[PDB]
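Under PDB author numbering, the letters of the first sequence match residues 1 to 307, 315 to 404, 410 to 863, 870 to 882, 910 to 925, 1059 to 1562, 1577 to 1824, 1831 to 2208, in that order.
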Amino acid sequence: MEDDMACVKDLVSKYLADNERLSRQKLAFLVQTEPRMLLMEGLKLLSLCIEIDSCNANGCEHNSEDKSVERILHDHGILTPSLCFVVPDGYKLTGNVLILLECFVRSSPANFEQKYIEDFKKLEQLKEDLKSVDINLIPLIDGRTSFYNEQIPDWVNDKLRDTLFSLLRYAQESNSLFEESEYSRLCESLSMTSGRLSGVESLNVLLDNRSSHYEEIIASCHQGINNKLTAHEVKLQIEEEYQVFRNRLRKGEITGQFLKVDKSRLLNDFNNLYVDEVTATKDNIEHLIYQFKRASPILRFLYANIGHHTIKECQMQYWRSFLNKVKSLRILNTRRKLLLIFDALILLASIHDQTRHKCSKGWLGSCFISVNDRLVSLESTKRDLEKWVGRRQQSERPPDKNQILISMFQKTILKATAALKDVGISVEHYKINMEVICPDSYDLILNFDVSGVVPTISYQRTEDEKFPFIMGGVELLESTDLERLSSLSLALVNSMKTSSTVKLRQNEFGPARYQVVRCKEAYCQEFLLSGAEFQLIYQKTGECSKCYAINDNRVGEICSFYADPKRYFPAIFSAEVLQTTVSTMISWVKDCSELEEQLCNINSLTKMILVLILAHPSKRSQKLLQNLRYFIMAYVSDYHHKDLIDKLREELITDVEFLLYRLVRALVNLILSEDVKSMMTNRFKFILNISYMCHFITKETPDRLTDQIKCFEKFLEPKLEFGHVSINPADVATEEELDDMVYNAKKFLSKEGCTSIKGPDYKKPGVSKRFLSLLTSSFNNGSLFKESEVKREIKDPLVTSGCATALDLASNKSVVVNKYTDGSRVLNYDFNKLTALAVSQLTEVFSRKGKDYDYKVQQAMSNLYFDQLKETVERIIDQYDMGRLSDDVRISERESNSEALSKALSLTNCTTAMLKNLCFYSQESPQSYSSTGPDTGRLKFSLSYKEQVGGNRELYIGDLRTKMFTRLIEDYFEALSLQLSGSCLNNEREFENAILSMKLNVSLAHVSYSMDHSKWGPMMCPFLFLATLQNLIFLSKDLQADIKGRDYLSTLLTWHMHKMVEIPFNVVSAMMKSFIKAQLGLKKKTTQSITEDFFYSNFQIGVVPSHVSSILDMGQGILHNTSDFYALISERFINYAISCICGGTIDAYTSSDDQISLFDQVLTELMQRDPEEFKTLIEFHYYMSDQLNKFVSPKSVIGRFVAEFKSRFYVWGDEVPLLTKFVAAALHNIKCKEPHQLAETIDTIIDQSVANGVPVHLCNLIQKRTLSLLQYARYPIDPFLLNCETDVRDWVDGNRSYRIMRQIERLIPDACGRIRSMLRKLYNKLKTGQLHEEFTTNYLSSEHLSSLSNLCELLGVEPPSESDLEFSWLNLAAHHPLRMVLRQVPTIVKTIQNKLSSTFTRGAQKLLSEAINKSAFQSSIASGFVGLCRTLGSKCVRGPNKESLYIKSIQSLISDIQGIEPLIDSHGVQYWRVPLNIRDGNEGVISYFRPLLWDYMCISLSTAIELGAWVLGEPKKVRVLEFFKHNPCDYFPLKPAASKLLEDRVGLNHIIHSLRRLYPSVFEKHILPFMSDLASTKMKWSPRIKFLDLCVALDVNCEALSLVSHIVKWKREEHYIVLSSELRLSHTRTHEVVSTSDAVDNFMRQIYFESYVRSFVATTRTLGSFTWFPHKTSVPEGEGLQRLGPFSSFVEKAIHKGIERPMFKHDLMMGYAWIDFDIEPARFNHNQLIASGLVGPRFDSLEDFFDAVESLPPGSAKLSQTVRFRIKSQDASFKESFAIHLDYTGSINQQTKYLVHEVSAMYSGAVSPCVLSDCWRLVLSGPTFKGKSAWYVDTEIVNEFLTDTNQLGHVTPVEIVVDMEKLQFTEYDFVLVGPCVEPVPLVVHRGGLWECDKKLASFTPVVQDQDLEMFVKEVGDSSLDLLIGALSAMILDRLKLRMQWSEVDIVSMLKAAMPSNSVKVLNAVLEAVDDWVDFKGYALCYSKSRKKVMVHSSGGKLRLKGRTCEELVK
RNA sequence: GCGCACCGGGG
RNA sequence: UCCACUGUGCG
RNA sequence: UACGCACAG
RNA sequence: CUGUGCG
């Protein structure tokens, strides 16, 4: 059929009219190979001809470039709002009348009317929007029936159509549904986007009122900056600067800022950090251990000597629980009497227990525990009861007190039983006894007295002599201290949930209330330790910081302290986790020979540090451990910043912090001593993980007001230092502030250095005119560009970056809303109201505590300079009692983004929701604008703070309009920066390349530079960006779009320059109160911080600082992409300058301010030879960075040992695990609301932890801790929460569903095997589409057990036994989800509609409203551990119809049936056995149970759909022989195994079209009114179609669980850092009767194996001679033809066709194909120049060279250029490349001018010339040859004619002038230069397919151990050298492709295959390879000097190729 | 024994 | 009455 | 499509 | 109106 295709191509070429506008599509037709793609292209060409003739007839010009209506109107100068994306075929504009023409061809009357109405509706969409801007739209639809046109004869058209359809029929028979519904829709699938308007140009809509201020600023930007310098001038200036800098540095007038690393000096500096506060320098370990156990009350309690009925339960506990549950009902008759009755009942129960068995529980001396966690005394209880009984007896008037008391007790108990029995539980659940009600209860409790200790609380620090226990009993090696800490932390956390009952009585009076308090009434929690019973006693409720005491019945007041209860969570139920963490950290350095005598001390120090940070979670204790990271990073480097030691020191207060510092110093001295030089990497990572312990403390702030004040000080201080602070700016700017802005703009550009007398001034904000000019000139003249950045023209970002939808700014994050008084928004606080509020607050706070000068003044002030305050307060309070005053001082409010967006959309009449519509085309929109902002007001931000691990950080919050404008700027700058290489902020491939380059640099021991910058945000300014932009030229030959783009961006940047920032209200109030106190003499003096001075100076004159505007600060992350772009260009220039000075080269990667720099061999050699020159080069780099307003942080390090980039460390070829960070992350209080959400969040966190080197043995412990936390809340553990016996493969190759499958298989083995077999067979049948009927509704949408049995028996396998079907699990919320406690249409169709309707205004409004409602509902739910515990056991279960029940009610109902049998495992997973004979009649409770087998089958099927079929195999545990003893710190990078390729991925289009073709009514009524001509119109076809339709039908019919969601998802590919020992001990799922996939895999493996033993030609017989070959099986379809690679297009078209022929190259292009071309820079010829009159001395610069070339005969200029074309197919495996060469002969005109006289064209490739001209026409479509783009010439030849090299870059921009007619080559001017050889059949050599001495494509399947074993057995038996060669070739080929052998164990494979010759074979193979090769958990190499094989190990001793290694065999 | 901008919190 | 702009990953 | 959490700038 | 639970 290739002949038919050739005939079609020839007839199309020689019969189609040669029209230029038809060429491009014609080019798309002559390159396709698939018959369906060829038919689509032919039909598209016919439609193009039809529409072009139609538009020519109607007069409308053709839309050849496919621009939208808005783009077309913009090109004509019409300003229109954002419109729906519609691309008309033709357009015509007449003044104000727009005519749009769309042409289509339909030969089916049924398929004709709907297209017409669809086009009419599409035009009516734009009609109203066009009318809104006063433009009349006249739709014009041209429908036809026949493909007849004047562009081609009718007969040839008919023949072409018939031949195309016949070829489609004859080529492949897969889907013959090409009726006039599919192919006609497929024809218009060429709606590729050419870019959309950004919306920045819409600023032209408003009036322009820019004035002298704007032009003055612009002139200041252009004052003394020259951006037209050549390379020679900038080179000279750089040389001068370097010479002067080096001279002044050597002479000593400039400081170094860098020091060479001296380990002894660093250790000495670290030891003397706090030299003025610690007495000694070399502490004793034993003395430190002695001091540790006696430092604080908590530490003393943890290590003190303390110590059957405890397990036993008495009546007191039962009565307390029952009374608590009853009181929960809140009878609320009278709280006092109810509490008295409860206390009396509890006392009676306690008396009964003591009388019976003499129990001592529930009593603490003379007090006992009441119902509501109340510790109360018996004296008050008996007195109150006697008084109440006497009053009642004397008011009822004969009955005595006992009778009335018993009557009241019985009445209360009866009422409680009646109120409790109704819901789900009677009194029998609480095993109470009614015997406690005695006939003489009143007399029994009236004479009862108990003696004991008195509970107390100490509010002040006292001596340590009062501790009643020995303080050193517990050892540090045991885990007793951790368990005690866990119990204490749980008590502290539970202390927060005590409800605030009636206020307790006053225990003390006066000052004695804060010295020692005897507790008569208090609150207490109970915890048991080692058999004892302790009470935590407090007096205050809530989450605030408070004082606690620990009491015991034997002796009271063990210890009292202060604590914040919400900081002690991580220690709860985590005692084994921390012990295992410490054990692993110690075992990391266990094999160090010099540390063998210090292991015990190291373990003790580590455990002491961990316990200390857990027990005392201080903020300032968190920063020392963080700075330890930078210390250890600088320790192993070569050079470091000289301010590192100053940065390390942090202020400390308490003695615990100093003890922590001493412990850290001792540990560092022990580890990093001078006589230990054995294992540097292990000690380095040990110290790093010690440093990372700071994550264990918290992230939330300790105090809010202090944090806000610190952040404001950080924000304000640098501005005050600079000298520009404008106070209270107005919407209408004043003259003085504008003058100040201009003056500071001039000052910012006046930085000087290295030339002035004073010299450089480091760490000063500003930029230098000289270096700014040099940077701009270097960018403009093209010396910063690479050869790969000029292959294509630069697109204009103004018309190539799309706009942002309104829903891109929608979230729950806060946003500011302004307050308007009458017509203008308020911007200033009121002084009088503020001071009145401050006075009121002072009086209130003194009244609550003050119960001397201070007392007199406060009591005088409470009666409302001094007279002014009196008058103001009297006038305000009387005429304005605190709530409204407090709310009337604020000047702004907060809300959500969604609410603001909905309010804005409510005021827009447009159809689409875009940012440009909201900004400009709105009812409340600006009319004009100025330099300071639009007329609606200046841009506004407000200050806030952030919670993080470390120091403070301020944040800016803007309103909606400022956010929109900032988003516009960010999008523009992101589009601008996307066109240059080296930025990793928005490019993950760049990040991967950076990581690979860093690893390669470290492996070669080159110098590396890790850099961060100090205060990147608060130092950058928008003025710097504006100045840089005003001097840059992007389109050097299109200076018309650049002007307007720069103007718009400059206006926006000036708006950002004139922003106003709002000070927080709390800060202002605090400062006002401080000022009032200080002015009155109450406060002290002296310190008087600068911020306080500023506030006081403003207050004295009577001004409240409300807003501050300055030129210096740029928001924290507000302008991120602009900063990234500036950093990129600045670093490029700095590297260029460094390369100009020295001879070396630097490769740099930056993201925002983090940077990694890699030096080449030259710089490393220079460092090794000439240290002074290297150091001064570093100095010059620092100086140049400082000159460009970039300050290097003291955290930067230069060295050859360790590299790091964005927290990814690499040391000497090893991976650095981050264990402590993620261990601490997984142990924190995650804010969750339901158990399943918590379980999945913990699972995600544990997966992330496993990805970062945490062993699974500890992740299992973390999961067990989470399950224990769930069990504490008394929640049943279903088998769908967590898996606690996972392996490495469970996390690397499996998702959550796979883990659930593993757990279910573990629970019930020997029963899931039959289910797996049935599922395997069913999936195999379904993939071929076999049944597709029974599974739809007969089984899936039906009953469960019977349908499961029927499905199992249908396939021919044995059904599960009756015992298996009884297994079930208790599914709570089986009807409605759980009801949390508040403290204050098919689903697929809905999802599609939500995705598609997000662009339109109405759909956006609906989505915003529903999201607002959902967020409001969610935000009022109690979260955290306390909230989750309170929610559970609080009537959370929803009943059948509508009711709420306790979990205890359900459990009791289940317990009332004797057939249900519970079953539990070791880990606590509980399931049930429910026989089928009791499933009828008791339907009330059986509805909560679900069978396990059905859920297992569903989950397994979904996992097989998502991951692959391998999950259906039989799992097994392998017994692997261990041959090498790995070090406990030997890690390995691993890649998850993938099985889904790019052609198996399903997108939105497939689902939409399936819905259209399956449910036309639903598609028409839900999807149709939301369809535009967007990318959704594209129709792509995949082999997975029938199965996708089945899944869509299943999802539509039933909404139980999603099934199509698992198809649009794939397994992520990413590195995992795992342990070798754990990796080698994982389970395996093998695959096992003929399957198409198995057959094709076997065939591919056979071909791959036989490709190395011998070579053969890929004929039709050789491929058919193999045993495994799909000889036209029953159901091949496309499932078996896609896993074939290059042969996929051959066997279907040649093997299964009765055709005998060899395979050629043309049978290697599968899928849709398209071409892409690149233009290389032109090159000179050395010989031609030298033989034309250019002989003599070399020239000084490029200008001299061009002048010399100019003075030549007019034909002496000869250049050569090459254009490279590449054809790529949809199945990207082989690209067809060719090229065309152009020789230009002409003369060089004045300077940068090139006049072309003659052009010669040649070509080289394997492409027929019949299409070449067309390809050339494509090149003529670009603006390069039209003079609208830059033309570049290579500089390699030019450097041979220059005296001074290292002066130019790689390209030079030279404009070219040439007539267009000379460039129109037509099919005959091209002359071939290649060999012109006939096509040759391919040869199957090693690896892949080889052409004639050229490797085109390669195939490489996956090889297992069995296949390699059998291949070795087959090959090595014949000969050994052949086996060696084959193995070496395979290893080298796979290593060249960057692949790992992580699925094969070569050592054991060779041991098993060849028991006696494994060593020699391995040695020979590795010697042949001679490189590091990664295998299944280990890497091997061969050493030349020592003729052996080395294995990589961190515990090794030898060095080899940049890795530590040791001998494999001893 | 909290916070530890002197200023807050701790029946 | 309180917490911003981005990037990666998962549900 | 949203929402929620972890890590990083 | 909502917890009494130490694997």
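C-beta: ideal position from N, C-alpha, C; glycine also.
Taking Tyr-574 as the reference, which of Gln-2062, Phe-1169, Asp-715, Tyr-471 has the closest Cα?
-> That would be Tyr-471, whose Cα lies nearest to the Cα of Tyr-574.
Run through the region 1671 to 1712 for me and flag every whole alpha helix (DSSP H) of 4 or more residues, listed as ranges in chain order. Runs of the alpha helix (DSSP H) spanning 4 or more residues and lying entirely within the region 1671 to 1712 occur at 1675 to 1678, 1684 to 1698, in chain order.
Assuming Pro-2079 and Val-1855 are in contact, meaning their beta carbons sit under 8 Å apart, how far apart are those beta carbons, in whole angstroms?
Cβ-Cβ separation between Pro-2079 and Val-1855: approximately 6 Å, consistent with a contact (criterion under 8 Å).
Identify, in the order they occur along the chain, each residue of the same chain with its Cβ nearer than 7 Å to the Cβ of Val-1466, setting aside the five sequence neighbours on each side.
If we look at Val-1466 and ignore the five residues flanking it on each side, its Cβ neighbours are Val-1434, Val-1810, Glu-1814, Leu-1815, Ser-1818.
For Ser-1371, I'd like the list of residues in its chain whose CB is within less than 7 Å of its CB, leaving aside the five on either flank, ordered along the chain. Excluding sequence neighbours, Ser-1371 sits near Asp-1190, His-1191, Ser-1192.
Cβ pair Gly-2200, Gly-1391 closer than 8 Å
A contact, by the Cβ cut-off of 8 Å.
Residue range of the unbroken beta strand (DSSP E) whose run includes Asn-1840: Run containing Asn-1840: none in the beta strand (DSSP E); it sits in the alpha helix (DSSP H), 1834 to 1851.
Discussion item. Going by DSSP in three states, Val-2017 sits in which element: helix, strand or coil?
Written reply: Here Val-2017 sits in helix by DSSP.
Would you grab the beta carbon distance between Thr-2022 and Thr-2033 for me? Rounded to a whole angstrom, and I think it's under 8 Å. Contact flag wrong, Cβ pair sits at about 19 Å.
From the DSSP output, read off the bridge partner residues of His-1191. Paired residue(s): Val-1370.
Q.
I need the boundaries of the alpha helix (DSSP H) containing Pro-1413, first residue and last residue.
A. Its alpha helix (DSSP H) spans residues 1413 to 1429.
*Given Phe-1609, which residues of its chain have a CB within under 7 Å of its CB, disregarding the five upstream and five downstream residues?*
Counting only Cβ-Cβ distances below 7 Å, and skipping sequence neighbours, we find nothing.
- Message: Taking 8 Å as the cut-off, does the region 838 to 853 touch the region 1146 to 1159 (at least 3 CB pairs, one atom from each stretch)?
- Response: Too few Cβ pairs lie closer than 8 Å, so no.
**Study point:** Other residues of its chain near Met-420: CB distance less than 8 Å, five sequence neighbours each side excluded
**Key:** Once the five neighbours on either side are set aside, the close Cβ partners of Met-420 are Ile-348.
For the region 787 to 798 against the region 1092 to 1107, do three or more pairs of beta-carbon atoms, one drawn from each stretch, fall closer than 8 Å, so that the two count as touching?
By the C-beta criterion, the region 787 to 798 is judged not to be in contact with the region 1092 to 1107, since fewer than 3 inter-stretch pairs fall below 8 Å.
Once DSSP output is grouped into helix, strand and coil, what is the label at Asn-136? Annotated three-state conformation of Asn-136 is strand, per DSSP.
TODO: Using only alpha-carbon positions, find the residue among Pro-410, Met-2000, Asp-1225 that is nearest to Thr-1960.
DONE: Closest option to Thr-1960, Cα to Cα, is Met-2000.
Nearest to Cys-2090 by CA position, among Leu-497, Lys-1903, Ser-738, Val-1401, is which residue?
Answer by Cα proximity: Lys-1903.
For this session: Within its chain, find whatever has a CB closer than 8 Å to the CB of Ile-289; leave out the 5 residues flanking it on each side and keep chain order.
Result: Taken in chain order, the residues that qualify are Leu-488, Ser-616, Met-620.
* Asked: Does the Cβ of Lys-2092 have 16 or more other Cβ atoms within 10 Å, making it buried, or fewer, making it exposed?
  -> By the 10 Å Cβ count, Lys-2092 comes out exposed.
Compute the Euclidean distance between the alpha carbons of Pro-297 and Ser-572, then round it to the nearest angstrom. So the alpha carbons of these two residues sit roughly 7 Å apart.
- CB contact flag (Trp-600, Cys-1628, <8 Å): At a Cβ-Cβ threshold of 8 Å, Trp-600 and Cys-1628 do not count as neighbours.
Looking at the strands, I want to know which residues DSSP matches up with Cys-374. According to DSSP, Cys-374 bridges with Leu-371, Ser-384.
Inset, instruction - Go to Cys-1410, then tell me how far its alpha helix (DSSP H) extends in each direction, as first and last residue. - result: That residue, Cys-1410, is in no alpha helix (DSSP H); it is neither H nor E in DSSP.
Once DSSP output is grouped into helix, strand and coil, what is the label at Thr-593?
In the three-state DSSP reduction, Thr-593 falls in the helix class (H, G or I).
Checklist line | Segment contact, 8 Å Cβ cut-off, at least three pairs: the region 1212 to 1219 with the region 1347 to 1364 | finding: Two segments are said to touch when three or more pairs of C-beta atoms, one from each, lie closer than 8 Å; by this definition the region 1212 to 1219 does not touch the region 1347 to 1364.
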